[PDB]
């Protein structure tokens, strides 16, 4: 087993923080897979299909900062395309490795399985170009520096990359590197830095009250601790939006709730929108995050920091790393910013209140699109919570499979899965992977007997919002010969509270089927369901 390109790729992957590889085998990637199996540094995680694997890698990367997916040419990689696209949309660095037919076969234009039957082998590489920041077709002549380039760009942009690995290229000789792959820390030109620093300083110097609004780009670029220490050293009103929830301990002084535009609690609206200066850090004002773009924040009111550029009022300063922009603003703030800030029947209301008493520091909480995410936005999170939600891409089914990737990343943390009954149908077979791997998530299936969110938007009585009605508490014993799962169906707040006490220490996988009313929607959902379909009558 002489060291080869397959080994070099695995060495560089682990350098980037991935200790696991998700995917599904196929004949074009089997020989590469042998190197994954034999490696002591990377653990193969076989998934039940490729879409789920790409969701799982995404959740993993939201826990470890990096992840990798392996599929086979054509059928595998195209099955995962929606996963990689969602990682691109939400800035999740997932590496898609595609095992491919050998280069000689490709050059001869053979009529191989997993092709369109036209002798062409680059169609799927090109279709992946819009949803990655870097891609390469690996050859014997470029392998090691193309691997390094794509991984490096992935680290810089915190977004997916793609590598086509022909089976023969994987076996070509390589050399172990002495140094791990690192992304050299960027620094703005000092005159550029001064221009931004001066404009921010002069703006902040005239602020009576300043507020801090941070979101998901802070998470992706590893700046959570910097944002927490900032508000600790400089107390002020602060918030996140739905995507970046979990950046802050929401019990801390100065936090009043998650900002969601006009749907915000009044205290949040006043704390953020009422400040005469609002620092917008790693923020993206999407339609869901702002209740249909009804946020009230003007350019002259705001300072914003993006990964490579920052803005003060009307002026953009480009080529400033977000790390340096934040550091600049922390020092400047230090220089001013002074004066500190049980029922019966289950409803959406008492469910989220019951869940509120249950969550604890260390929890990993995932919520899918639908009433799950828009109820969970109102959870007041304690310290050290990883809150994983996908409101920009918005692919239902993401959450159950992402939970499998997240638990793989963090076996000793408690994983709470909040999924609608409709969402869980799209990726149910990854429940079988959790049981196979002896994971102990707490899966809460919000069963309101259909697509309730779509009922809110349009056609509440229309049969297209109906689904097959599953027997949720029997699924683990169908997807395992020895599930060792604890299942309950609950319809009362007291039953849910009692069950939550029983599963608090997650010694087994648990599935809680939560019986909820069909037309019941959380507060934010009612607010977001007033201008959603406003475009078309």
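Positions refer to the first chain, counted from 1.
Per the record, residue 341 and residue 342 are separated by 10 or more deposited residues that have no coordinates. Across the two stretches, 33-41 and 52-60, the PDB entry reports the greater mean Cα temperature factor for 33-41.
Look at the mean CA B-factor for 102-110 and for 428-436 in the entry; the higher one is 102-110. Note on the listed residues 72, 128, 335, 386: the highest Cα temperature factor in the record is that of 335. Going by the entry's values, 262 shows the largest Cα B-factor out of 262, 141, 399, 79. In the deposited entry, the Cα temperature factor of residue 285 sits in the middle third of values across the chain's modelled residues.
When the CA B factors of the chain's modelled residues are split into thirds, the value for residue 306 lands in the lowest one. Looking at the C-alpha B-factors along this chain, the one for residue 519 belongs to the highest third. The entry lists a Cα temperature factor for residue 4 that places it in the middle third of the chain's modelled residues.
In this PDB entry, the Cα temperature factor of residue 527 sits in the top third of its chain's modelled residues, the highest group.
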